[PDB]
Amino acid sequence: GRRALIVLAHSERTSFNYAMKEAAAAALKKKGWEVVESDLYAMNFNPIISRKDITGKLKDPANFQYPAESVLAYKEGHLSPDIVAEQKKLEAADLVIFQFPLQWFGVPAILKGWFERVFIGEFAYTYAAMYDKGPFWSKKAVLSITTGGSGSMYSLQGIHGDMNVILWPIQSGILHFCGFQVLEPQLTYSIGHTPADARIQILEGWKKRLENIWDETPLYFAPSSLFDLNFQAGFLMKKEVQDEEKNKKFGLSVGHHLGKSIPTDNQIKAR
């Protein structure tokens, strides 16, 4: 069996988010997965990066810089116990599910703090090995999101704008940057206005998808080989690559739109 980690960011057992977490765990276990969860609220997880994330002496206590100090602590085994426990969950996991309600067009603060304290340099990323060469290359991640607003609001013509744009900083910036293959997000729009029978089927749909989740085609991101990955070239797209794209009508992705048309549902549907 593969290993699954479910990171849940919701404080209520009675929420649809909790129900989705239970549905996921149940479905995966039946298919032979070992399932571990991170119920951040139940954990009362400390969401705030600080010098307390490092046990014992710092390298430069008078001028504390979290990136350098947290990296050093990781290498020397001096990270805070709660951080280390989470990192071990990540290392064991093949599939990571992030279950959360959309909050101010992003992840809840407690989940954002989880990323900030757990995704430490060298462990989760290096400038030498980033995006598709990232440490989590063998792992797959998926966002399971619930929203208050309807799907129409997040359509191209909706008042909020394209949901693909909202998803990008998370799926590309956080997950893919660390090497994750990112699967199509499970989007549950206006769950507060969804009829009872329909909420039941959404749960069943989620269970059914997870039966074959590992064999899905992941979302498309621009491969890192298209870029000159060094400070001298400023991590810019290769000259020959740019030349080849000048005849193309569509951009490569949401973030790499190149001033052209973004491919439809680049962050919502796989090729």
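In this text, residue numbers run from 1 along the sequence as written.
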Give the stretch, out of 67 to 75 and 113 to 121, with the larger mean C-alpha temperature factor in the deposited entry.
67 to 75
Per the entry, where is the mean C-alpha temperature factor higher: 36 to 44 or 54 to 62?
54 to 62
Per the coordinate record, which of the options 173, 185, 192, 106 holds the highest CA temperature factor?
192
So among 28, 49, 226, 203, who wins on Cα B-factor in the entry?
226
CA B-factor ranking of residue 23, expressed as a third of its chain:
middle
Considering every modelled residue of the chain and its Cα B-factor in the PDB entry, is residue 92 in the lowest, middle or highest third?
middle
Position of residue 162 among the chain's modelled residues by C-alpha B-factor, lowest, middle or highest third:
middle
Rank-wise, by C-alpha B-factor, drop residue 126 into the lowest, middle or highest third of its chain.
highest
Chain-relative C-alpha B factor for residue 257 (record values, thirds): the middle
